[PDB]
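Student: Partial complex follows, first chain(s) only, in situ:
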Amino acid sequence: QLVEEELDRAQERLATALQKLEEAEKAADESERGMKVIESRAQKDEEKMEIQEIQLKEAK
């Protein structure tokens, strides 16, 4: 019976493992979404500020 209880408890534990893996990878996905949108934001903001400082220096 020791083998069967190890079996079934490890089965529930691998279920817990798969679900915690799923939530971990979902957190990974949402983090990646935040990352990509802020990469776009940084890109557009930096290009804009570069153009603006160039225009300011040329105006001076």
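Tutor: That came through fine. Numbers count the residues shown, from 1 in each chain, chains lettered A, B, ... in the order given.
Student: Does the residue nearest to the spatial centre of chain A lie in a helix or a strand, and which?
Tutor: Ranked by distance to the mean C-alpha position of chain A (C-alpha atoms, centre = their mean), the top residue is residue A:31 at 2.0 Å. Assigned by DSSP states H and E, residue A:31 belongs to helix A:2-59.
Student: how far out from the middle of the chain is that helix?
Tutor: 0 Å (C-alpha atoms, centre = their mean, to the nearest Å).
Student: what's around residue A:24, how many residues?
Tutor: Close neighbours of residue A:24, defined as other C-beta atoms under 10 Å, add up to 10. All C-beta atoms are positioned from the backbone trio N, CA, C, and that covers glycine.
Student: so how far is residue A:34 from it?
Tutor: 16 Å (C-beta to C-beta, to the nearest Å).
Student: again, but for residue A:47
Tutor: Counting by C-beta to C-beta, the gap from residue A:47 to residue A:34 is 21 Å.
Student: repeat for residue A:46
Tutor: 18 Å.
Student: And for residue A:52?
Tutor: 26 Å.
Student: Equivalent analysis for residue A:22, please.
Tutor: 19 Å.
Student: now for chain B, put it on the one above:
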Amino acid sequence: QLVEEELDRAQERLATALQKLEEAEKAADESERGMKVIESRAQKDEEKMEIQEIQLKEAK
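Tutor: With chain B added, the chains above now look like this:
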């Protein structure tokens, strides 16, 4: 017997899942780190952009 062989199979799947969860945790945390640093960069560059364009206005 064969039951304990099944136990070993279940536990090796468990160990594989543990390695997977460790990788996933590392990935998620480092991803959040990149996210926060890029958000900081975006905010600071936006501030620089706005002050630059206001100064450009005054210069014009």
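Student: The neighbour count of residue A:24 with chain B there, same question as before?
Tutor: By other C-beta atoms under 10 Å in any protein chain shown, the residues close to residue A:24 number 20.
Student: Kindly report the residues of chain A close to chain B.
Tutor: With C-beta under 8 Å from any C-beta of the partner chain as the criterion, chain A comes near chain B at residues A:3-4, A:6-7, A:10-11, A:13-14, A:17-18, A:20-21, A:24-25, A:27-28, A:31-32, A:34-35, A:38-39, A:41-42, A:45-46, A:48-49, A:52-53, A:55-56, A:59-60.
Student: And stretch A:52-60, what's buried?
Tutor: A:52-53, A:56 (16 or more other C-beta atoms under 10 Å in any protein chain shown).
Student: got a list of contacts for that stretch?
Tutor: B:49, B:52-53, B:55-56, B:59-60 (C-beta atoms under 8 Å, 6 or more residues apart in numbering or on different chains).
Student: could you dump it to PDB, C-alpha only?
Tutor: The C-alpha trace of stretch A:52-60 is given here as PDB (Å, rounded to 0.1, in the frame of the first residue of the first chain):
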ATOM      1  CA  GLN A  52      13.200  67.000 -31.600                       C
ATOM      2  CA  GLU A  53      16.600  67.700 -30.200                       C
ATOM      3  CA  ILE A  54      18.000  67.800 -33.800                       C
ATOM      4  CA  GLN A  55      15.300  70.400 -34.700                       C
ATOM      5  CA  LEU A  56      16.100  72.400 -31.600                       C
ATOM      6  CA  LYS A  57      19.800  72.500 -32.300                       C
ATOM      7  CA  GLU A  58      19.200  73.400 -35.900                       C
ATOM      8  CA  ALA A  59      16.900  76.200 -34.900                       C
ATOM      9  CA  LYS A  60      19.500  77.600 -32.500                       C
END
